[PDB]
Amino acid sequence: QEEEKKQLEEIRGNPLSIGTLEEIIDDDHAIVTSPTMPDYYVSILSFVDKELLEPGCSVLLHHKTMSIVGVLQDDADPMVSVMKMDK
Amino acid sequence: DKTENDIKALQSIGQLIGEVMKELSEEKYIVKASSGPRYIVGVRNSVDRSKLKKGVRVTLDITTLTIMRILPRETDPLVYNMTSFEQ
Amino acid sequence: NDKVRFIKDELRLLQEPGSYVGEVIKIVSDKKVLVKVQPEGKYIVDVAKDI
Amino acid sequence: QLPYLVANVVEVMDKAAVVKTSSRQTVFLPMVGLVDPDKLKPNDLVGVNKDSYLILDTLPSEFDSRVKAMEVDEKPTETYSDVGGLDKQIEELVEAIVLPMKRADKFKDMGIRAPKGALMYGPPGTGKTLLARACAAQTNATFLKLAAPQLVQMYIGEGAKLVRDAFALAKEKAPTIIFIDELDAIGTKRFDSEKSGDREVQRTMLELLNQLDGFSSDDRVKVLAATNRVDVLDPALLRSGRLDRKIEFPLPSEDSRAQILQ
Amino acid sequence: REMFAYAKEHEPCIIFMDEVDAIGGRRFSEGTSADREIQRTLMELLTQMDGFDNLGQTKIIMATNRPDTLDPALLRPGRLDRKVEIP
Amino acid sequence: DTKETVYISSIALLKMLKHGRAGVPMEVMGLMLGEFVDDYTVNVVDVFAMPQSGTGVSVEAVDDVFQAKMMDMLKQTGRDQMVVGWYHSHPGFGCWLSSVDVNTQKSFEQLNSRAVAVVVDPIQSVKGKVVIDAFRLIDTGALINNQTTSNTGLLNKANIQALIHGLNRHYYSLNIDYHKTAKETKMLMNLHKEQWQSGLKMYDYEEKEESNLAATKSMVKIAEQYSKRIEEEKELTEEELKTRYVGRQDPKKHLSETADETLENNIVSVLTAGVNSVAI
Amino acid sequence: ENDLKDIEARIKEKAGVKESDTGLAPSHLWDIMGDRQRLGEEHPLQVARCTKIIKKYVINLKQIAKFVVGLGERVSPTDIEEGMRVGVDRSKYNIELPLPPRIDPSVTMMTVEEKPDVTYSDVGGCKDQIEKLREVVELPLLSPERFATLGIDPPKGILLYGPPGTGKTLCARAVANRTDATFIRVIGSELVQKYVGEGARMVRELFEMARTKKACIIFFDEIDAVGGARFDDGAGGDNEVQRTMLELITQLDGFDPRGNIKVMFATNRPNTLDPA
Amino acid sequence: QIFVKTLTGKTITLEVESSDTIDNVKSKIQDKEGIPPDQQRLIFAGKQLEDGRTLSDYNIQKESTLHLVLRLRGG
Ligand SMILES: Nc1ncnc2c1ncn2[C@@H]1O[C@H](COP(=O)(O)OP(=O)(O)OP(=O)(O)O)[C@@H](O)[C@H]1O
Ligand SMILES: Nc1ncnc2c1ncn2[C@@H]1O[C@H](COP(=O)(O)OP(=O)(O)OP(=O)(O)O)[C@@H](O)[C@H]1O
């Protein structure tokens, strides 16, 4: 709460865009596809569990510059998240 | 005179093309660009407000969007061609 | 005086920018949510003082 | 400067200039006497600035890698002895292809209204695609290929530019031959609509026609085609002049059955 | 409209135009606002030919194969009044 | 190191806009002339333009002599003094600096340790809210080593990377002022002096009556609905006497705003006549 | 009873919220190399692919916007050629870096890597029909010395049809076990995307990667979806899917892009599908 | 020695002779003013000093006058 959460919002902007990726390279070099923008050649910041992600995944992109910063668990779809039971 | 001609043209940057829906006053017309929108504009001093009516093709600047010049006769001789000897 | 206040307040902020519209998917932990702009893609955001 | 883009002209008022840039941004344009405007014509592409759209430098027609690929080796090795039956149809065919490639004087002395291409209709398995593997071999000319759906593509200007390239490329590198394997895709009919997916398809066909009716029987191309169907496709292709000569590839008679097995 | 104005000031003159069954398109087959071209292109045709006054310095011809496929929303009653088959 | 006014001569500014706007959309760059003072009034005198290859986002100075061949051509008149800074333009994008700007600005400061950059944004620069601003870089070397005096005045709340980046490396952002004198403001306002004909031109009447018995027609309909709008108005609450009637064209004002007006422009039309009568 | 819900959601206004995305414990001090890695000579690029190298360097962006550009420090004449994926700046569009051709995710989401468990000894004693099956698949890959020397070019394509509950898919998940080469599990749901001429693009790339590889084979399933018949209707709302399958049949039999790749199908409606 | 002026009007004077290499000269202002010579433009009477034709063919006498210029780029 004193050091970790004080740094991320320092480099992670307030808006973190979202997208996908079609291919990856080791050493923090990767690629993105997305609807609003064209593709990109992009680096990584090395706190994402780098040996996790995969093609077809979803991502957390810094806004001013593109940069793969984090990844979400599922972000599958809303309607499937409706049909489940809560009550 | 050639090398002095061309610079006399390069300052005259390009324009944008539209078309009219209707008319409202000599101070305000309506247009419809060739890339979607239906702007509202004004008009320069020189061109006759008479000739400006519906159907016409038009040209104007990029920032202020003020109409200046007209080009009729949307030629397409592959489309039609006269037969004067038919007279 | 309060007349000229309004119009001088109002005119101050028609110069103000636009404002978009979108819908919620879920909420990230706190001071962090996500939105899809209804024509277009996603944008994590922050929030303001009030909400 | 170097970073600039490409466009395509459409007209010249009166010097003057107009364009249709690649970004879908038309411009009317006061006169650029930079390049000699009489040194170009409509649809003759040109360079142009990024902010002040003005003609800056012409440039050639650079074709796409997905078209040059369709240029072919002579990997086909199938002589007309490898095929049975069909002594007629191949006899009828080659009286449209190599002789106009070599011995067109028998036409040109008469100057008759010459043929431009062919068509090979009939059912699955009569030797359609095979025969084109053969004719590309025996003749001492080039040869080209394109499945039809190789043409259609997502983006709204991806197809038509592709086809204007090939025929243009074939007017280059001439004399040439074209092969269109499954014409049943594009050539169906007029599927009337305003949607995207319904227009971009047929608008390719509208280019193909203008390409057929753009050249003459002097330049030595010769197109053909193929299909499993004729009760499905648009007769405008069958109009007199474009694809006139036809071949009703039948099923084989019982004598032909003896050749094929041997 | 340019095809008529050009035709006007070169009065008298005749028109000819084939494949006329293409203006129909949807022919308002669904009334969606995507076929405005296939709709209006019939409109401007009709409004203009009504504007002749039928004085005797401009006349019009049309043709196709499928008059049963024609669009009698107009061109039936009084515009293309005389219908003429051929052997 | 604060409280630094930056006076500007009005002959300087409007040259900054005109060449700063004529090149639009592509941006544009020139120079400033002036003279430093002890610390506070880093004035400005006059400007000019280096030749250049302008884009919408980038530009350099092509020739490296037209700024040197001209100062030496100026001192024959000596109408100005030496150089003090340089400007540039961001045509529609906001007022700030970029990594290119500093690299060139970082030369001027070490060359001369108070030189200044200037930024302008003519597109959104309407007849009111100009947005011009100037800047002096810092020594971030001096920062990590780690100033106000009883007044600061004005700070910004916009231009994000002039608002969160506008301090950590950009500059000790710094106000401006204008040296509008009497000797020039006289020659300045000489546009709006209409004419000596421009106060007794009794213009045509054929719109006047077409406005007079047109205006009264437009009076009644708002009056006789204000005649409606006083029916009892004591209905269901004190706020219900107010908030059930939104301000959708509040009537009584709307007639008064034209009552006075048609009076105010007719009273001139009558008076002006009798005065014009005694032209003879 | 109507007080509980007041107290129950009263808990929802007590805890707060919690969510995470990623992170790491041991190398918790990542954040000294990041910022120095950020603004340096590791800007992003905006990809494209060339079309011509005129003795400059035309390009075509993904979206239709074509430029003509130059270089910085990257080698102009030699390393580059036509074709490849590349790197372009975001500001003024110079070339800086190549990178290889595109490999769509989906087809690599479509390859199988972990081998299932069944065998032809777990099948339900349909002893003959397997023999017609494997004789297509594996013997031309293990014992071609028989088929070739005697003088027969083996077949390169099967089809399976029978009523349900009968084990059409069983014998096919089996052979992947005894493959001795790769296998593919084509998901028919990815060939019908709602952008024209797209699914066909996925078909041909499905094979460009195949013949790259050696001795691939393929398992469709329920091709009644894709290999349906043809017709002409001015509604014809199956118009598009027809244009996909033509990416297939033109690719299976014409001008031999094929080497050694075999095919496998499956159905419950073998009458409707097109004769081709 | 030699004189050098600026666009500001400031003067700097250097200790050199007719044997001077522009790649060595350009380092001299960097010795004092701290300028990479990429941002440099020296002038002698309208003739920009090309780095190739070293000063031996420029008549750089004693107490001669030059003019320094900084490059300008923005965006
Ligand atoms: N008349 C023939 N002579 C020799 N071989 C033949 C003949 N007819 C069919 N074949 C055999 O059939 C195959 C060629 O079939 P063909 O190229 O006609 O298919 P197709 O009708 O083109 O299919 P599609 O029409 O769907 O493209 C070859 O393998 C060839 O051995
Ligand atoms: N011959 C068999 N021996 C043992 N089990 C079998 C046999 N045939 C079918 N099964 C059972 O049926 C299942 C698969 O049946 P099958 O392969 O016929 O499905 P399918 O025909 O592909 O289904 P669909 O027709 O809907 O595609 C297996 O899980 C297995 O339990």
# chains A, B, ... in the order shown; residues from 1 in each chain; ligands from 1
>>> residues_around(residues="residue 86 (chain B)", least_positions_apart="4", cutoff="12 Å", atoms="only C-alpha atoms", output="ChimeraX atom specification")
/B:81-82 /E:12-14
>>> write_last_selection(atoms="C-alpha atoms", output="tab-separated table (two decimals), in the first residue's frame")
chain	number	residue	atom	x	y	z
B	81	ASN	CA	-21.61	11.74	-76.39
B	82	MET	CA	-23.45	13.80	-78.94
E	12	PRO	CA	-34.04	20.23	-79.84
E	13	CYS	CA	-32.66	16.87	-78.84
E	14	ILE	CA	-33.55	13.25	-78.18
>>> residues_near_ligand(ligand="ligand 2", cutoff="6 Å", atoms="only C-alpha atoms and all ligand atoms", output="PyMOL selection string")
chain G and resi 123-124+164-170+268
>>> write_last_selection(atoms="N, CA and C atoms", output="PDB file, in the first residue's frame")
ATOM      1  N   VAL G 123     -12.211 -49.171 -29.804  1.00  0.00           N
ATOM      2  CA  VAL G 123     -13.345 -49.036 -30.685  1.00  0.00           C
ATOM      3  C   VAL G 123     -14.280 -50.227 -30.514  1.00  0.00           C
ATOM      4  N   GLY G 124     -15.524 -50.044 -30.935  1.00  0.00           N
ATOM      5  CA  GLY G 124     -16.513 -51.089 -30.794  1.00  0.00           C
ATOM      6  C   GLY G 124     -16.548 -52.096 -31.916  1.00  0.00           C
ATOM      7  N   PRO G 164     -25.931 -41.688 -36.252  1.00  0.00           N
ATOM      8  CA  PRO G 164     -25.270 -41.245 -35.038  1.00  0.00           C
ATOM      9  C   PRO G 164     -25.138 -42.366 -34.027  1.00  0.00           C
ATOM     10  N   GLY G 165     -24.423 -42.060 -32.951  1.00  0.00           N
ATOM     11  CA  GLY G 165     -24.124 -43.042 -31.943  1.00  0.00           C
ATOM     12  C   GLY G 165     -23.248 -44.179 -32.405  1.00  0.00           C
ATOM     13  N   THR G 166     -22.622 -44.060 -33.575  1.00  0.00           N
ATOM     14  CA  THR G 166     -21.993 -45.186 -34.237  1.00  0.00           C
ATOM     15  C   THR G 166     -20.477 -45.156 -34.185  1.00  0.00           C
ATOM     16  N   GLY G 167     -19.878 -44.016 -33.875  1.00  0.00           N
ATOM     17  CA  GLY G 167     -18.448 -43.936 -33.691  1.00  0.00           C
ATOM     18  C   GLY G 167     -17.685 -43.463 -34.894  1.00  0.00           C
ATOM     19  N   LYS G 168     -18.103 -42.330 -35.419  1.00  0.00           N
ATOM     20  CA  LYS G 168     -17.426 -41.686 -36.526  1.00  0.00           C
ATOM     21  C   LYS G 168     -16.307 -40.807 -36.032  1.00  0.00           C
ATOM     22  N   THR G 169     -16.566 -40.145 -34.921  1.00  0.00           N
ATOM     23  CA  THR G 169     -15.616 -39.251 -34.305  1.00  0.00           C
ATOM     24  C   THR G 169     -14.646 -40.012 -33.428  1.00  0.00           C
ATOM     25  N   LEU G 170     -15.087 -41.152 -32.908  1.00  0.00           N
ATOM     26  CA  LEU G 170     -14.243 -41.997 -32.078  1.00  0.00           C
ATOM     27  C   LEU G 170     -12.998 -42.422 -32.835  1.00  0.00           C
ATOM     28  N   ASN G 268     -23.779 -36.621 -40.899  1.00  0.00           N
ATOM     29  CA  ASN G 268     -25.009 -37.375 -40.726  1.00  0.00           C
ATOM     30  C   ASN G 268     -26.001 -37.067 -41.839  1.00  0.00           C
TER      31      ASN G 268
END
>>> residues_around(residues="region 200-216 of chain G", least_positions_apart="3", cutoff="6 Å", atoms="only C-alpha atoms", output="list in words")
residues 182, 197, 244, 247, 260 and 261 of chain G
>>> write_last_selection(atoms="N, CA and C atoms", output="compact mmCIF listing (two decimals), in the first residue's frame")
# COMPACT_ATOMS: atom_id res chain seq x y z
N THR G 182 1.41 -34.72 -37.62
CA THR G 182 0.56 -33.79 -36.91
C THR G 182 -0.90 -34.16 -37.15
N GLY G 197 -15.38 -12.44 -47.49
CA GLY G 197 -14.12 -12.91 -48.02
C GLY G 197 -13.07 -13.14 -46.97
N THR G 244 -16.90 -19.32 -49.20
CA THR G 244 -15.83 -19.87 -48.39
C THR G 244 -15.39 -21.22 -48.93
N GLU G 247 -12.98 -21.61 -51.52
CA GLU G 247 -11.58 -21.51 -51.16
C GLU G 247 -11.01 -22.88 -50.88
N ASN G 260 1.87 -34.18 -49.55
CA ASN G 260 1.32 -35.21 -48.69
C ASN G 260 0.56 -34.47 -47.61
N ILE G 261 -0.68 -34.12 -47.90
CA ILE G 261 -1.65 -33.89 -46.85
C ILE G 261 -2.94 -34.59 -47.18
>>> residues_near_ligand(ligand="ligand 1", cutoff="8 Å", atoms="only C-alpha atoms and all ligand atoms", output="list in words")
residues 82, 83, 84, 85, 86, 122, 123, 124, 125, 126, 127, 128, 129, 130, 131, 181, 182, 226, 227, 228, 252, 256 and 260 of chain D; 249, 250, 253, 254 and 276 of chain G
>>> write_last_selection(atoms="N, CA and C atoms", output="PDB file, in the first residue's frame")
ATOM      1  N   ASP D  82      -1.715 -37.422 -72.361  1.00  0.00           N
ATOM      2  CA  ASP D  82      -2.122 -37.837 -71.027  1.00  0.00           C
ATOM      3  C   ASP D  82      -3.628 -37.755 -70.813  1.00  0.00           C
ATOM      4  N   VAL D  83      -4.369 -37.239 -71.787  1.00  0.00           N
ATOM      5  CA  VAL D  83      -5.796 -36.976 -71.681  1.00  0.00           C
ATOM      6  C   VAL D  83      -6.510 -37.768 -72.759  1.00  0.00           C
ATOM      7  N   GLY D  84      -7.687 -38.278 -72.420  1.00  0.00           N
ATOM      8  CA  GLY D  84      -8.420 -39.168 -73.292  1.00  0.00           C
ATOM      9  C   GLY D  84      -9.713 -38.532 -73.746  1.00  0.00           C
ATOM     10  N   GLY D  85     -10.199 -38.983 -74.887  1.00  0.00           N
ATOM     11  CA  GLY D  85     -11.379 -38.368 -75.412  1.00  0.00           C
ATOM     12  C   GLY D  85     -11.023 -36.960 -75.825  1.00  0.00           C
ATOM     13  N   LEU D  86     -12.065 -36.175 -76.040  1.00  0.00           N
ATOM     14  CA  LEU D  86     -11.947 -34.729 -76.117  1.00  0.00           C
ATOM     15  C   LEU D  86     -10.971 -34.270 -77.186  1.00  0.00           C
ATOM     16  N   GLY D 122     -20.153 -27.569 -67.941  1.00  0.00           N
ATOM     17  CA  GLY D 122     -20.325 -28.982 -67.758  1.00  0.00           C
ATOM     18  C   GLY D 122     -20.029 -29.399 -66.344  1.00  0.00           C
ATOM     19  N   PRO D 123     -20.162 -30.686 -66.080  1.00  0.00           N
ATOM     20  CA  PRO D 123     -20.291 -31.139 -64.735  1.00  0.00           C
ATOM     21  C   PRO D 123     -18.948 -31.467 -64.118  1.00  0.00           C
ATOM     22  N   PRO D 124     -18.942 -31.826 -62.842  1.00  0.00           N
ATOM     23  CA  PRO D 124     -17.716 -32.289 -62.205  1.00  0.00           C
ATOM     24  C   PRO D 124     -17.177 -33.533 -62.871  1.00  0.00           C
ATOM     25  N   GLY D 125     -15.946 -33.439 -63.341  1.00  0.00           N
ATOM     26  CA  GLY D 125     -15.166 -34.600 -63.664  1.00  0.00           C
ATOM     27  C   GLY D 125     -14.982 -34.872 -65.120  1.00  0.00           C
ATOM     28  N   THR D 126     -15.190 -33.890 -65.967  1.00  0.00           N
ATOM     29  CA  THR D 126     -14.995 -34.052 -67.389  1.00  0.00           C
ATOM     30  C   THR D 126     -13.631 -33.577 -67.853  1.00  0.00           C
ATOM     31  N   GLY D 127     -12.756 -33.171 -66.942  1.00  0.00           N
ATOM     32  CA  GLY D 127     -11.444 -32.720 -67.342  1.00  0.00           C
ATOM     33  C   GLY D 127     -11.372 -31.257 -67.703  1.00  0.00           C
ATOM     34  N   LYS D 128     -11.714 -30.399 -66.752  1.00  0.00           N
ATOM     35  CA  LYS D 128     -11.699 -28.957 -66.948  1.00  0.00           C
ATOM     36  C   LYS D 128     -10.393 -28.339 -66.479  1.00  0.00           C
ATOM     37  N   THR D 129     -10.131 -28.431 -65.182  1.00  0.00           N
ATOM     38  CA  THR D 129      -8.900 -27.905 -64.623  1.00  0.00           C
ATOM     39  C   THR D 129      -7.684 -28.626 -65.174  1.00  0.00           C
ATOM     40  N   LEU D 130      -7.834 -29.903 -65.502  1.00  0.00           N
ATOM     41  CA  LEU D 130      -6.724 -30.646 -66.063  1.00  0.00           C
ATOM     42  C   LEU D 130      -6.263 -30.025 -67.352  1.00  0.00           C
ATOM     43  N   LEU D 131      -7.208 -29.703 -68.211  1.00  0.00           N
ATOM     44  CA  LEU D 131      -6.864 -29.290 -69.555  1.00  0.00           C
ATOM     45  C   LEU D 131      -6.091 -27.987 -69.532  1.00  0.00           C
ATOM     46  N   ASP D 181     -11.143 -20.282 -62.282  1.00  0.00           N
ATOM     47  CA  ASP D 181     -11.492 -21.680 -62.109  1.00  0.00           C
ATOM     48  C   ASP D 181     -12.966 -21.842 -61.780  1.00  0.00           C
ATOM     49  N   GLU D 182     -13.416 -21.194 -60.714  1.00  0.00           N
ATOM     50  CA  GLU D 182     -14.791 -21.286 -60.237  1.00  0.00           C
ATOM     51  C   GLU D 182     -15.400 -19.914 -60.390  1.00  0.00           C
ATOM     52  N   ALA D 226     -14.053 -21.402 -66.197  1.00  0.00           N
ATOM     53  CA  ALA D 226     -14.559 -22.723 -65.903  1.00  0.00           C
ATOM     54  C   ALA D 226     -15.652 -22.603 -64.867  1.00  0.00           C
ATOM     55  N   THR D 227     -16.418 -23.676 -64.739  1.00  0.00           N
ATOM     56  CA  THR D 227     -17.549 -23.734 -63.833  1.00  0.00           C
ATOM     57  C   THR D 227     -18.154 -25.119 -63.864  1.00  0.00           C
ATOM     58  N   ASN D 228     -18.887 -25.424 -62.810  1.00  0.00           N
ATOM     59  CA  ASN D 228     -19.755 -26.578 -62.743  1.00  0.00           C
ATOM     60  C   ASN D 228     -21.199 -26.233 -63.046  1.00  0.00           C
ATOM     61  N   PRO D 252     -18.388 -38.820 -70.725  1.00  0.00           N
ATOM     62  CA  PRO D 252     -17.707 -39.571 -71.768  1.00  0.00           C
ATOM     63  C   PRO D 252     -18.524 -40.734 -72.286  1.00  0.00           C
ATOM     64  N   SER D 256     -14.764 -43.746 -75.021  1.00  0.00           N
ATOM     65  CA  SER D 256     -13.810 -42.947 -74.273  1.00  0.00           C
ATOM     66  C   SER D 256     -13.454 -43.612 -72.958  1.00  0.00           C
ATOM     67  N   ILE D 260      -9.474 -43.912 -71.027  1.00  0.00           N
ATOM     68  CA  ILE D 260      -9.154 -43.300 -69.746  1.00  0.00           C
ATOM     69  C   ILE D 260      -8.533 -44.315 -68.804  1.00  0.00           C
TER      70      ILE D 260
ATOM     71  N   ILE G 249     -12.319 -26.164 -52.344  1.00  0.00           N
ATOM     72  CA  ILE G 249     -12.317 -27.148 -53.413  1.00  0.00           C
ATOM     73  C   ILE G 249     -11.355 -26.738 -54.514  1.00  0.00           C
ATOM     74  N   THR G 250     -11.219 -25.438 -54.743  1.00  0.00           N
ATOM     75  CA  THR G 250     -10.198 -24.957 -55.655  1.00  0.00           C
ATOM     76  C   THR G 250      -8.821 -25.247 -55.113  1.00  0.00           C
ATOM     77  N   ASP G 253      -8.136 -29.538 -55.346  1.00  0.00           N
ATOM     78  CA  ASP G 253      -7.855 -30.070 -56.685  1.00  0.00           C
ATOM     79  C   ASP G 253      -7.739 -28.926 -57.694  1.00  0.00           C
ATOM     80  N   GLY G 254      -6.554 -28.334 -57.761  1.00  0.00           N
ATOM     81  CA  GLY G 254      -6.165 -27.519 -58.887  1.00  0.00           C
ATOM     82  C   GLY G 254      -4.729 -27.068 -58.772  1.00  0.00           C
ATOM     83  N   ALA G 276     -19.358 -31.686 -55.603  1.00  0.00           N
ATOM     84  CA  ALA G 276     -17.961 -31.378 -55.825  1.00  0.00           C
ATOM     85  C   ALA G 276     -17.096 -31.836 -54.670  1.00  0.00           C
TER      86      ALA G 276
END
>>> interface_residues(of="chain F", to="chain A", cutoff="12 Å", atoms="only C-alpha atoms", output="MDAnalysis selection string")
chainID F and resid 160:161 164
>>> write_last_selection(atoms="C-alpha atoms", output="mmCIF file, in the first residue's frame")
data_model
loop_
_atom_site.group_PDB
_atom_site.id
_atom_site.type_symbol
_atom_site.label_atom_id
_atom_site.label_comp_id
_atom_site.auth_asym_id
_atom_site.auth_seq_id
_atom_site.Cartn_x
_atom_site.Cartn_y
_atom_site.Cartn_z
ATOM 1 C CA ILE F 160 -2.127 18.125 -19.665
ATOM 2 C CA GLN F 161 1.534 17.738 -20.586
ATOM 3 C CA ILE F 164 1.569 17.550 -15.355
#
>>> closest_residue(among="A:11, A:71, A:45, A:18", to="chain C", atoms="only C-alpha atoms")
A:18
>>> atom_distance(atom1="CA of residue 21 (chain B)", atom2="CA of residue 24 (chain F)")
29.1 Å
>>> interface_residues(of="chain E", to="chain B", cutoff="12 Å", atoms="only C-alpha atoms", output="VMD selection string")
chain E and resid 1 to 7 10 to 18 44
>>> select_by_dssp(residues="chain A", states="strand (DSSP E or B)", output="number ranges by chain")
A: 17-19, 24-25, 29-32, 40-42, 44, 59-61, 68-71
>>> interface_residues(of="chain F", to="chain C", cutoff="12 Å", atoms="only C-alpha atoms", output="list in words")
residues 124, 125, 126, 128, 129 and 158 of chain F
>>> residues_around(residues="region 71-87 of chain E", least_positions_apart="2", cutoff="8 Å", atoms="only C-alpha atoms", output="ChimeraX atom specification")
/E:21,24,27,46,49-50,69
>>> atom_distance(atom1="CA of residue 111 (chain G)", atom2="CA of residue 48 (chain G)")
27.2 Å
>>> residues_around(residues="residue 30 (chain E)", least_positions_apart="3", cutoff="12 Å", atoms="only C-alpha atoms", output="ChimeraX atom specification")
/D:192-194 /E:25-27,33-36,38-39
>>> write_last_selection(atoms="N, CA and C atoms", output="mmCIF file, in the first residue's frame")
data_model
loop_
_atom_site.group_PDB
_atom_site.id
_atom_site.type_symbol
_atom_site.label_atom_id
_atom_site.label_comp_id
_atom_site.auth_asym_id
_atom_site.auth_seq_id
_atom_site.Cartn_x
_atom_site.Cartn_y
_atom_site.Cartn_z
ATOM 1 N N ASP D 192 -29.457 -7.374 -55.615
ATOM 2 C CA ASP D 192 -29.703 -5.955 -55.404
ATOM 3 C C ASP D 192 -29.719 -5.599 -53.923
ATOM 4 N N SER D 193 -28.875 -4.647 -53.538
ATOM 5 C CA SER D 193 -28.815 -4.201 -52.154
ATOM 6 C C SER D 193 -27.931 -2.971 -52.065
ATOM 7 N N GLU D 194 -27.934 -2.364 -50.877
ATOM 8 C CA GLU D 194 -27.078 -1.237 -50.540
ATOM 9 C C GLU D 194 -26.076 -1.575 -49.455
ATOM 10 N N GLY E 25 -33.469 -1.101 -58.291
ATOM 11 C CA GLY E 25 -32.696 -1.626 -57.176
ATOM 12 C C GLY E 25 -33.606 -2.341 -56.199
ATOM 13 N N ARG E 26 -33.662 -1.832 -54.970
ATOM 14 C CA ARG E 26 -34.686 -2.289 -54.042
ATOM 15 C C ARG E 26 -36.075 -1.852 -54.490
ATOM 16 N N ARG E 27 -36.187 -0.670 -55.102
ATOM 17 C CA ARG E 27 -37.481 -0.068 -55.417
ATOM 18 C C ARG E 27 -38.285 0.139 -54.140
ATOM 19 N N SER E 33 -33.098 3.196 -45.047
ATOM 20 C CA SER E 33 -32.399 4.394 -45.505
ATOM 21 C C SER E 33 -31.026 4.104 -46.099
ATOM 22 N N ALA E 34 -30.732 2.856 -46.468
ATOM 23 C CA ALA E 34 -29.476 2.511 -47.119
ATOM 24 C C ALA E 34 -29.555 2.557 -48.640
ATOM 25 N N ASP E 35 -30.746 2.394 -49.222
ATOM 26 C CA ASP E 35 -30.932 2.431 -50.668
ATOM 27 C C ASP E 35 -31.403 3.783 -51.157
ATOM 28 N N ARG E 36 -30.988 4.862 -50.496
ATOM 29 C CA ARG E 36 -31.406 6.191 -50.914
ATOM 30 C C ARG E 36 -31.025 6.453 -52.359
ATOM 31 N N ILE E 38 -30.910 4.117 -54.760
ATOM 32 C CA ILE E 38 -31.829 3.363 -55.605
ATOM 33 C C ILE E 38 -33.228 3.965 -55.555
ATOM 34 N N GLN E 39 -33.494 4.825 -54.569
ATOM 35 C CA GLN E 39 -34.789 5.487 -54.477
ATOM 36 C C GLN E 39 -34.755 6.844 -55.161
#
>>> atom_distance(atom1="CA of residue 59 (chain D)", atom2="CA of residue 5 (chain B)")
22.6 Å
>>> residues_around(residues="residue 70 (chain A)", least_positions_apart="5", cutoff="10 Å", atoms="only C-alpha atoms", output="VMD selection string")
(chain A and resid 12 16 44 to 50 53 58 to 62) or (chain G and resid 20 to 23)
>>> interface_residues(of="chain D", to="chain F", cutoff="9 Å", atoms="only C-alpha atoms", output="list in words")
residues 1, 50, 51 and 52 of chain D
>>> residues_around(residues="region 25-34 of chain A", least_positions_apart="2", cutoff="9 Å", atoms="only C-alpha atoms", output="list in words")
residues 18, 19, 20, 21, 22, 23, 36, 37, 38, 39, 40, 41, 42, 43, 44, 45, 46, 50, 59 and 68 of chain A; 41 of chain C
